Amino acid sequence: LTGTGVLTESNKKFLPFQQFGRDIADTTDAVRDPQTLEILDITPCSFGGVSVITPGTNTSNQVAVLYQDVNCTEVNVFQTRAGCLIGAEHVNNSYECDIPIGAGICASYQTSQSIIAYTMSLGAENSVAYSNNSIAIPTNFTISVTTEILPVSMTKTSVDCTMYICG
Amino acid sequence: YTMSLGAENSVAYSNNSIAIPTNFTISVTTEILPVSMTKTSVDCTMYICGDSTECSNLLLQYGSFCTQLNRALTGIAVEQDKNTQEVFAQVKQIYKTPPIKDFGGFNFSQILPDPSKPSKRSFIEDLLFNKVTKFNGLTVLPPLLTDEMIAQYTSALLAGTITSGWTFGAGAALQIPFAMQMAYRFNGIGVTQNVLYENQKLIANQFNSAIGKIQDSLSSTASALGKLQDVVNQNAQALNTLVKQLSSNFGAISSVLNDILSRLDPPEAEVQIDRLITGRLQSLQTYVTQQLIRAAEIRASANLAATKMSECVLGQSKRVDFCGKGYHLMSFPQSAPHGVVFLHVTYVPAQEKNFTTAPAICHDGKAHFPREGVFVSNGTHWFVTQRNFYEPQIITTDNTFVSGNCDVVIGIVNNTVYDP
Amino acid sequence: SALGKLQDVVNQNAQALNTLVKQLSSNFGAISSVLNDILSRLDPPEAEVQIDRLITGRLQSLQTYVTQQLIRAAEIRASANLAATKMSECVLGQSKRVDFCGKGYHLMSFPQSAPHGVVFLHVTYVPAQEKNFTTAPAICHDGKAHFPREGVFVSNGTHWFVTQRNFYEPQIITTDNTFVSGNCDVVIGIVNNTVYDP
Amino acid sequence: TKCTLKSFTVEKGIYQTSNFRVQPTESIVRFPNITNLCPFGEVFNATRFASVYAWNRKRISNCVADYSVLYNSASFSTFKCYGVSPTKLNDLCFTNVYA
Ligand SMILES: *[C@@H]1O[C@H](CO)[C@@H](O[C@@H]2O[C@H](CO)[C@@H](O)[C@H](O)[C@H]2NC(C)=O)[C@H](O)[C@H]1NC(C)=O
Ligand SMILES: *[C@@H]1O[C@H](CO)[C@@H](O[C@@H]2O[C@H](CO)[C@@H](O)[C@H](O)[C@H]2NC(C)=O)[C@H](O)[C@H]1NC(C)=O
Ligand SMILES: *[C@@H]1O[C@H](CO)[C@@H](O[C@@H]2O[C@H](CO)[C@@H](O)[C@H](O)[C@H]2NC(C)=O)[C@H](O)[C@H]1NC(C)=O
Ligand SMILES: *[C@@H]1O[C@H](CO)[C@@H](O[C@@H]2O[C@H](CO)[C@@H](O)[C@H](O)[C@H]2NC(C)=O)[C@H](O)[C@H]1NC(C)=O
Ligand SMILES: *[C@@H]1O[C@H](CO)[C@@H](O[C@@H]2O[C@H](CO)[C@@H](O)[C@H](O)[C@H]2NC(C)=O)[C@H](O)[C@H]1NC(C)=O
Ligand SMILES: *[C@@H]1O[C@H](CO)[C@@H](O[C@@H]2O[C@H](CO)[C@@H](O)[C@H](O)[C@H]2NC(C)=O)[C@H](O)[C@H]1NC(C)=O
Ligand SMILES: *[C@@H]1O[C@H](CO)[C@@H](O[C@@H]2O[C@H](CO)[C@@H](O)[C@H](O)[C@H]2NC(C)=O)[C@H](O)[C@H]1NC(C)=O
Ligand SMILES: *[C@@H]1O[C@H](CO)[C@@H](O)[C@H](O)[C@H]1NC(C)=O
Ligand SMILES: *[C@@H]1O[C@H](CO)[C@@H](O)[C@H](O)[C@H]1NC(C)=O
Ligand SMILES: *[C@@H]1O[C@H](CO)[C@@H](O)[C@H](O)[C@H]1NC(C)=O
Ligand SMILES: *[C@@H]1O[C@H](CO)[C@@H](O)[C@H](O)[C@H]1NC(C)=O
Ligand SMILES: *[C@@H]1O[C@H](CO)[C@@H](O)[C@H](O)[C@H]1NC(C)=O
Ligand SMILES: *[C@@H]1O[C@H](CO)[C@@H](O)[C@H](O)[C@H]1NC(C)=O
Ligand SMILES: *[C@@H]1O[C@H](CO)[C@@H](O)[C@H](O)[C@H]1NC(C)=O
Ligand SMILES: *[C@@H]1O[C@H](CO)[C@@H](O)[C@H](O)[C@H]1NC(C)=O
């Protein structure tokens, strides 16, 4: 029985007649060593998605790499709850989110220029001078015009199923 | 049994009798809406052909079937953050309440953030979070906005609503005493503000009791959040089905790819692998399609939640039963796992009396109509009162207007109109 | 980027068609993706098998395309219904719905056509400048509690005025601006002033 | 990223392009330690065989099976395998073998 994975010690009490274990996906979970009757867990060799955080190629060819849901171990290194971010400088100052990373962390290309990562700002802090006998009434106003854009239709495609399949 | 369609209750209708409420109750209702769904991501290559070069090479013969599924799942994952952003990130600034909770007797300590917690969530939010509860290329992405940030956004929206009414939604947050804010909310439903001011203590006590009842309901009725628990369950079920699909043979001699490769020569292994690839690719396409349809439903729900947030929390809704049963006064947002919960505070008429009515009153031959409200009679004297609350006033020339004469209005009765 | 919502729609449809066209290059297990190369090389007993493989692959590709088009069409239909709702309750009327027709108090909207879409220009009134005024829920005159018919009572520190809620425009407090209900012993926070009788 | 998007220009944003996997460094081969050769000689090269109605069955257990001789010998007129391939047989264990 072959495969690839990390073989580790286990506390799984296999019965004397059982030789292999299986997971929900029917893959091998653990094996009994044919020479020494101990149970070894098989953990697939660590893995995760790889995301590239980049400004457009019309600006710079510098990129940052996010290794999703992993520790900064097996892989200017910033560990976030989104994964291990390598190549982006960690900046204490918050800004508006530009290129989102996840878990509250966003990245952008800023200053000499490089990719930075930071916790995104939610908005300016502005306390209200509330009291039980004070009301604020506007004395002036502005007329503003905003633009709201909505899709209405999509391209009316038509496919000749017979000619497409059997031209 | 045959189900009952509610209790039967006939209305004592007649052409000259009107029922006007004499008392009222302030009620708080809970509306729960899904906002987002789990941001799943599937590595189509590792899922179909895990650690097998031969399977991957056979998979390449299907072209873009793999990468278009990665694209569809990416699109869903992105719109889940768009949905969260549209529902909660509607305020440009982070507002905070004053240290003194002098809100006219209205107790908000159960919906405002608790500074003593590791995450500044409200008591009710804590109750909500306590009710809602692999290695095959299937991963879950974190949301862009963490639970702490969502709690901060709901805190900003709640503090804005409490301290500035609707002004923070339209523009700047304009401070106003809470009692005056409620006075405007009452005028907006056709009840004169003096009703609020005269009964402010009663209204505040009813509000506080309604909130306590909300806490008892959420703390005792597990099914209250079923609309959100089902969403979590649906995504878990979808992933479990996908994982279970790896155990299927799809016509192959074995579901385990390594057992095929270790036993058959390429001329036969390629056929068995093609069978497994076809089965697993069809399984992925089914999963992705189900995720796209469910995501469209979630998006529609998120749009509804955003509409309610804007036209319910930030303003005042004139739309009947849009923001709960009754005449809407105000609503308070609360965050929840993968969703939003609205606490709608509404005015509901509570007690009524049978009064005799008339469309108009004759004085000197002129037909007098109310400027606001209706004419009522307790059997001996005629009064004018607001439609939604019994508050009899003497009929005067400053309450009514004259149009036409007694020979036109059907059902007009004789009385006198006092001239101040 | 202002029109990204419409450019993305064009791109999505182009991508779907480009994917469909690229799907013609796949073998799906056949000896060749080109149907004529199969027919020119194999006898019917084998050509039919290779063709069945290509037909299965291309038919599955079409089903995927059609499903994606139906879902995208449902999304577009929902968006079109929203656009129609805004047109009716925004351009043709006046919206009382907060933030339905842009941030601020809605005044009017103007439709504009766009490729595969509609653009609304929403003209709104937004309060711009404010002052801190002292207020009171009611004013006592002869023991009667007077409430504003419209607007609120404000004080600049020496005189009480009544003004509309959304715009500072102080007026003298008179019997034609307020109404009487109850007395001074009921309203919490009522202050003393005078009410002018025209 | 450029390969993932099939373009030489990448727009501003974050793209998922691949998957990190720590590759194995070495193979680990484990088998029960046993030097007995499976008695394939006295099964095939036996002097006398049984009638087909009374076909003789032999049980092979606890021995190293050298299948090389079999597919390498050219005496056999018919050699066909089902469910498994001859080439991948020498590197494969079995609970029991029946002849
Ligand atoms: C309300 O604000 C507007 C601008 O926001 C004021 O208009 C400006 O007035 C100044 C005079 O102090 C002019 O120099 C500017 O050119 C005006 N701007 C525009 C666009 O016309 C307006 O005067 C303010 N109203 C009040 C009553 O203060
Ligand atoms: C309107 O209804 C409320 C409750 O629905 C009444 O408040 C109660 O009044 C009784 C006296 O009749 C008290 O004993 C209760 O303790 C009150 N309850 C609360 C919560 O305050 C109120 O009196 C009614 N008003 C009218 C005019 O009928
Ligand atoms: C608002 O209500 C909360 C409880 O719903 C009040 O907090 C309680 O205060 C009393 C003291 O009078 C304590 O004995 C309770 O244990 C507290 N309970 C909780 C849950 O904190 C709070 O004081 C009320 N606020 C106002 C202004 O009345
Ligand atoms: C209808 O309302 C009028 C006004 O309140 C009542 O008239 C008063 O009745 C009381 C008796 O409780 C007298 O003390 C007042 O002097 C009366 N005022 C006037 C102006 O008549 C009348 O009795 C009510 N009728 C009914 C059937 O309830
Ligand atoms: C209300 O009052 C008017 C007059 O003030 C009543 O009109 C009378 O109608 C009768 C029947 O047609 C005539 O005979 C009288 O001459 C009318 N009065 C006058 C002054 O011309 C009317 O009927 C009264 N309605 C009620 C319901 O009492
Ligand atoms: C509050 O507003 C009133 C009304 O204008 C002010 O009273 C006027 O003050 C001016 C001084 O600039 C005098 O010339 C007027 O004769 C006053 N009129 C009246 C009716 O008193 C008052 O001074 C303002 N107070 C503050 C603190 O701004
Ligand atoms: C508003 O004016 C009234 C008088 O019109 C004040 O009432 C006085 O209250 C004190 C304290 O209870 C009594 O000793 C006086 O006798 C009351 N006056 C009268 C004429 O009865 C009231 O206190 C004033 N309120 C404010 C906030 O100034
Ligand atoms: C790239 O950036 C330059 C500005 O330096 C701009 O003029 C050019 O149009 C941009 N090209 C694209 C394809 O965006
Ligand atoms: C990574 O590993 C270190 C110890 O090697 C541990 O302290 C840290 O918490 C880990 N981080 C994550 C995100 O698992
Ligand atoms: C950011 O601030 C923390 C203190 O909260 C400090 O420990 C850290 O070194 C700072 N990092 C940078 C890059 O300024
Ligand atoms: C009003 O009249 C109807 C007549 O059927 C009666 O049933 C109802 O109880 C009356 N309302 C009150 C408050 O008495
Ligand atoms: C109400 O109806 C009755 C009979 O249907 C009629 O006698 C009476 O005059 C009517 N009242 C009015 C005000 O129309
Ligand atoms: C009202 O008073 C508060 C006191 O904190 C102040 O911050 C605010 O700026 C004042 N309003 C205006 C318009 O200046
Ligand atoms: C407003 O609050 C202050 C202290 O918080 C209090 O002294 C004052 O009397 C209150 N005013 C009213 C009208 O309740
Ligand atoms: C079979 O056994 C005989 C002994 O009778 C021997 O001569 C012969 O060479 C053997 N053949 C093989 C293939 O072992």
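Among all the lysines, which ones have a C-alpha under 27 Å from B:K353's C-alpha, if same-chain residues fewer than 8 places away are not counted?
Within the straight-line cut-off, B:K353 pairs with B:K201, B:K318, B:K325.
Near B:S27, within a Cβ-to-Cβ distance under 12 Å, what is the net charge of the other residues, with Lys and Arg +1 and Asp and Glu -1?
With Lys, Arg at +1 and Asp, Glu at -1, the neighbours total +2.
With an 8 Å Cα cut-off and a minimum separation of 6 or more residues, compute the relative contact order for chain C in percent.
After rounding, I find 12 percent.
Can you find, among A:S108, A:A136, B:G379, the residue sitting farthest towards the positive end of the charge dipole of the protein assembly as shown, where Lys and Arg contribute +1 and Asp and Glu -1 at Cβ?
A:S108
How far is it, in nm, from the label point at D:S77 to the one at B:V271 when both lie 7 Å from their Cα along the line to the Cβ?
2.6 nm
Report, in debye and to the nearest 20, how large the dipole of chain B comes out about its Cα centre when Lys and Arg carry +1 and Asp and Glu carry -1 on their Cβ.
Numbers: 29 positive and 32 negative charges, 89 e Å.
My answer is approximately 420 debye.
Starting from the Kirkwood radius over alpha-carbon pairs of the stretch C:48-127, derive D by Stokes-Einstein at 4 °C in a medium of 1.567 mPa s and give it in µm² s⁻¹.
Stokes-Einstein gives a translational diffusion coefficient of 82 µm²/s.
Could you check the simple spin-label distance between D:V84 and A:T57, using points 7 Å along Cα→Cβ, in nm with one decimal?
5.1 nm
Measure out, as a whole number of angstrom, how far apart the alpha-carbon centroids of the stretch A:68-85 and the stretch C:168-198 sit.
What the calculation gives is 66 Å, centre to centre.
Give me a comma-separated list of calculated 3J(HN,Hα) values for the stretch B:243-250, in order, Karplus coefficients 6.51, -1.76, 1.60 applied at θ = phi - 60°, integers in Hz, x for any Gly or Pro.
With the stated coefficients, the stretch B:243-250 comes to 5, 4, 4, 5, 7, 7, 7, 6 Hz.
Mind ranking B:93-100, A:147-154 by how tightly packed they are, going by the mean number of other C-beta atoms within 10 angstrom, highest first?
Highest to lowest by the protection proxy: A:147-154, B:93-100.
Could you line up D:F94, D:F8, B:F332 from fewest to most neighbouring Cβ atoms inside 10 Å?
D:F8, D:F94, B:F332
Tell me the volume per residue, in Å³, of the convex hull enclosing the alpha carbons of the stretch B:269-311.
Each residue corresponds to 36 Å³ of Cα convex hull volume.
Given bins 20 angstrom wide, list per bin the percent of all Cα-Cα distances in the protein assembly as shown, short to long.
Distribution as computed: 11, 33, 28, 17, 8, 3, 0 percent.
From Cα pairs below 8 angstrom and at least 6 apart in sequence, can you work out the relative contact order of the stretch B:289-420, rounded to a whole percent?
Working: 196 pairs, mean separation 22.9, N = 132.
About 17 percent, as a whole number.
Near the amide H of C:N183, under 5 Å away, which other amide H atoms are found, from residues 5 or more places off or on another chain, if H is placed in the peptide plane?
Result for C:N183 returns C:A145.
Rank the residues C:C101, D:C63, B:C66 as a footprinting-exposure proxy: fewest other Cβ atoms within 10 Å of their Cβ go first.
Starting with the residue having the fewest Cβ neighbours, the order is D:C63, B:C66, C:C101.
Evaluate the relative contact order of the stretch C:5-104 (contact order divided by residue number), counting alpha-carbon pairs under 8 angstrom at least 6 apart; express in whole percent.
Across the stretch C:5-104, relative contact order equals 20 percent.
Within a Cβ distance under 14 Å of C:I51, other residues only, what is the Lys/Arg minus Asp/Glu net charge?
-2
Could you run the Karplus curve 6.51 cos²θ - 1.76 cosθ + 1.60 with θ = phi - 60° over the stretch B:180-189 and give me ³J(HN,Hα) per residue in whole Hz, x for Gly and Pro?
Along the stretch B:180-189, the couplings run 6, 4, 5, 4, 5, 4, 5, 4, x, 10 Hz.
Can you give the FRET efficiency for C:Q171 and B:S403, using 1/(1 + (r/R0)^6), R0 = 35 Å, r = Cβ-Cβ distance, to the nearest 0.05?
The calculated FRET efficiency here is 0.75.
With the Cα gyration tensor of chain B in hand, convert its eigenvalues to equivalent ellipsoid semi-axes via √(5λ) and list them largest first in whole Å. Before the final figure, lay out each step's value.
Numbers: eigenvalues 777, 124, 66 Å².
Equivalent-ellipsoid dimensions as semi-axes: 62, 25, 18 Å.
Any chance you could check the Cα centroid distance between the stretch B:116-142 and the stretch B:347-364 for me, in angstrom?
Using only Cα atoms to place each centre, the spacing works out to 53 Å.
Excluding C:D8 itself, calculate the net charge of residues whose Cβ lies under 14 Å from the Cβ of C:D8, where each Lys or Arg counts +1 and each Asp or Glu counts -1.
So the environment of C:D8 carries a net charge of +1.
Let me have the 222 nm mean residue ellipticity of chain C computed from DSSP H runs of 4+ only, each contributing -39500 (n - 2.57), with the sum over all residues rounded to the nearest 500.
Counting only the DSSP helices, I get -12000 deg cm²/dmol.
Using a 10 Å cut-off on Cβ to Cβ distances, tally the other chain neighbours for every residue of C:181-190 and report the average as a whole number.
The shielding value for this peptide is 4.
Separation of the stretch A:115-167 and the stretch B:265-335 by C-alpha centroid, Å?
Value for the Cα centre distance between the two parts: 20 Å.
Taking the Cα centre of the protein assembly as shown as origin and charging only Cβ (+1 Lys, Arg; -1 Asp, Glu), how large is the dipole, in debye to the nearest 20?
Dipole magnitude for the protein assembly as shown comes out near 820 debye.
Projected area of the stretch B:200-304, taken from the Cα convex hull and averaged over every viewing direction, in nm²? Present the calculation step by step, with values, prior to reporting the outcome.
Values: hull surface 41.4 nm².
Taking a quarter of the hull surface, the average projection is 10.3 nm².
Only counting other Cβ atoms within 10 Å, I'd like C:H146, A:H90, C:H159 sorted with the fewest neighbours first.
C:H159, A:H90, C:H146
Under Stokes-Einstein, with the Kirkwood radius over Cα pairs standing in for Rh, what whole-number D in µm²/s applies to the stretch C:105-198 at 25 °C and 0.890 mPa s?
Translational diffusion coefficient: 155 µm²/s.
Go through chain D and flag any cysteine with no other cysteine's C-beta closer than 4.7 Å, please.
Result for chain D is D:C3, D:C81, D:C93, no neighbouring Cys Cβ within the cutoff.
Setting aside same-chain residues fewer than 8 positions from C:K103, which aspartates and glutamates have a Cα under 16 Å from its Cα?
The reachable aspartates and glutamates, counting only those whose Cα sits under 16 Å from C:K103, are A:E148, B:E86, B:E311, C:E89.
What is the projected area of the convex hull of the Cα atoms of the stretch B:1-84, averaged over all directions, in nm²?
15.0 nm²
Report the charge-dipole magnitude of the stretch B:1-121 in Debye, nearest 20, computed about the Cα centre from +1 at each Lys and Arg Cβ and -1 at each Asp and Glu Cβ. The partial results should precede the final answer.
Working: 9 positive and 10 negative charges, 117 e Å.
My answer is approximately 560 debye.
Mind checking B:215-226 for the average number of partner chain beta-carbons within 10 Å of each residue's beta-carbon?
Details: counts 0, 0, 0, 0, 0, 0, 0, 0, 0, 0, 0, 0.
Across B:215-226, the average partner-chain Cβ count within 10 Å equals 0.
Note that each Cβ is placed from the backbone with ideal geometry, even for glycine, and that neighbours are counted across all protein chains shown. Coordinate-derived values only; no laboratory data.
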